[PDB]
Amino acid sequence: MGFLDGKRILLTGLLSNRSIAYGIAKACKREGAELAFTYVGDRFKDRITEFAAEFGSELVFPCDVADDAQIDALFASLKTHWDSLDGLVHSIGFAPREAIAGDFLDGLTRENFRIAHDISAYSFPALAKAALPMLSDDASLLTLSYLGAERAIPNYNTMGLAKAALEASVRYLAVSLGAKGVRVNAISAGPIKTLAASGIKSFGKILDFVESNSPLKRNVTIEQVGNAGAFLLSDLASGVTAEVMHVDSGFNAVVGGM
């Protein structure tokens, strides 16, 4: 009797047990969703398969969002298992490292900019468009953003631009798809420690500053982000579209550190 009962939700970005996508998956499964997952590259298939099985699913598909054919095949393959799709979680972002270390301009090149946007902003509406023919009439699309879209956070740099584009795509997609009853949202999550953050030099300080300065005085968890994800993907949030929802212990709403 969970609030996502019988719902069919496809999740991208589940790379480890630290992943935001892992949190959303746990929360969706708890609430009775049926889940499917995507992965990048042939060799990653046992790993996503093991995660999927621990959520009662054997539904896993390759998708490198850089590649048009993989985006089309993804949904073509999903359709042989699922007649329609109720939920879509887009939890992917990447810019070449040098575009997010040090100075914004030192790390800016046309190629760095192009890649960060292609992968971190473009992919979301491209997934939506590819999904559209099989979306149910009350489907819900969710993307992951971060406060750096709204305000300049030190080495976030080129990713800030691409997150701002992604949030705008949340508004444009809502208008497009809403005519079909489909909802589109983002969660602007607080920082979360993953393996990929080990190469981010200021990450420890960000975590420290957020713990010390957010209203709840704690970093957020993938359980919290997960549960908010599940709500936005459910019928409980049918009044809600085009929204950027902060799940960040309130951090965005303060001027910390003074």
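Each residue number is its position in the shown sequence, starting from 1.
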| item | value |
| --- | --- |
| Of 222-230 and 28-36, the one with larger mean CA B-factor | 28-36 |
| Stretch with the higher entry mean CA B-factor, where the candidates are 198-206 and 65-73 | 198-206 |
| Deposited CA B-factor, highest of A168, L105, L141, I100 | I100 |
| Member of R151, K180, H90, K163 with the greatest C-alpha B factor (per the PDB record) | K180 |
| Within-chain third of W82 by Cα B-factor, per the entry | highest |
| Chain third (lowest, middle, highest) by recorded CA B-factor, residue given as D118 | lowest |
| Chain thirds of CA B-factor: placement of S188 | lowest |
| Chain-wide C-alpha B factor ranking for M258, given as lowest, middle or highest third | highest |
| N155 - Cα temperature factor, lowest/middle/highest third of chain | middle |
